[PDB]
Each structure stands twice: as C-alpha cells, then as structure tokens.
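Heads up, the chain below is alone and in the form deposited in one PDB entry; it's given as structure tokens.
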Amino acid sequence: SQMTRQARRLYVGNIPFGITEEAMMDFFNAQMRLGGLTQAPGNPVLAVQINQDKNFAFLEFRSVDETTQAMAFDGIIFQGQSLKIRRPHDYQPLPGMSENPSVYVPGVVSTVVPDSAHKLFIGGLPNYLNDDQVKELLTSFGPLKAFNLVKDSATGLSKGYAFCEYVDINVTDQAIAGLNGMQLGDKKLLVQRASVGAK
C-alpha cells in the first residue's frame, strides 16, 4: 500500500561488489524462509534497488511485519561481507505496529556496536582479511554480541581496524591477552577497550 511503503523498505549497506538485484533478492527470500521469519507462502521481498557506485541496496517487502523481522539479519555474512541492515532515515513507526524484530537468527552478529564499558578496538589487522575472517578471529575467544570492520567508503577496502563486543563481558580480557601486541609483518595488533584510544 501507499501509506506503508516507508515501513516496508530497508537499507542494506556493505553489499558485495558486483552483486545483482536478483541475487540479493534470492538471498533474503531464502534466509527469511530458512530462519522461520516468512509469514506466508511466496516471497517476502518484492524488489531490490542497488546503487552500485555507492555500495548499498534498498529492499522492499510485501508486509510491514516481515520488514521488521528482517532487521534481525543485521550483520549476516553474504559473500564474506557483514550486511548493514538499517531503517530508511525517514521511517516513522506506524500505530499498533512493532518497531523491533521479535525473532533471533542463530549465528547472526549485529553490526551495531555502541560505545560501552567493554567495547573493544582491534587495530593493525591485515587489510586482506574480509569481515567474515575478522569475525572468525574474534569468535575464537567467545561468541560475539556485535562486530564491525571499518572499510573505506569509496573503495570497499578494509582500513585494518574493527570494533566488537562479546556476549560474555569476561571474554574481553581474554581476547586482549590473546591478541594485543601480536606481530603481523609490518603491523602490530592493538587490542584494548575502545574507550582508551577513542577521539
């Protein structure tokens, strides 16, 4: 419908280079069904519009509720990349309709890493590591609540630093002990709570 369109669309950032609108649609339609989020027969995603030069897509869904549920996919890995799923900036919650997803997608780690006591900074990462591989490095210590690898906005190349938050606050110091000061060729990892060196 006309009034609900703003509540039926999502921004998806950090998309794989060269991805087609059809490949993106198939990915989300399958994940929605496999995750138990699809609320009827047929495809929940109606269309995808990609901006190739700017590296983002907008999904359009058939229903308000399926759009909300799909927010739970924020951080899902697609061709090595953490998809950044967000509301359009002009989105306004409707009356009687929920704002936040009610389901959890197993193994999907949010990209939203708020400043907090145990948010970690990881600097000095080799730039050839993609989001998936950096996430795996950190997951070795324990499950993550949130993670983002910082990329150049124009080229898509990793800038070699990331932020994360472990589910268990006590894993923070274990990751620091295991990674801080690790030498990788010309780089030396700096792993510390992000508050220590933030601007």
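For every residue, the number given is its place in the sequence shown, counted from 1. Only residues modelled in both forms are compared. Whichever C-alpha set is largest while still superposing within 1.5 Å between the two forms counts as the rigid core.
Only in words, not in the display: the form deposited in another entry, which the text now covers.
Put simply, after the core is superposed between the shown form and the other one, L144 is the one residue in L37, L144, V64, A57 with a Cα shift of at least 2 angstroms. Relative to the superposed rigid core, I77 undergoes a CA displacement smaller than 2 Å between the shown form and the other one. After superposing the rigid core, the C-alpha of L189 moves by 2 Å or more between the shown form and the other one. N14 is not among the residues whose C-alpha shifts by 2 Å or more between the shown form and the other one once the rigid core is aligned; its shift stays under 2 Å. The pair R87 and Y166 approaches in the other entry: their C-alpha atoms are at least 3 Å nearer to each other than in the form depicted.
The gap between the Cα atoms of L144 and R87 is smaller in the other entry, by no less than 3 Å, than in this form. Shifted stretches between the shown form and the other one, defined as 3+ consecutive common residues each with a CA displacement of 2 angstroms or more after rigid core fitting, are listed in sequence order as 92 to 96, 117 to 195.
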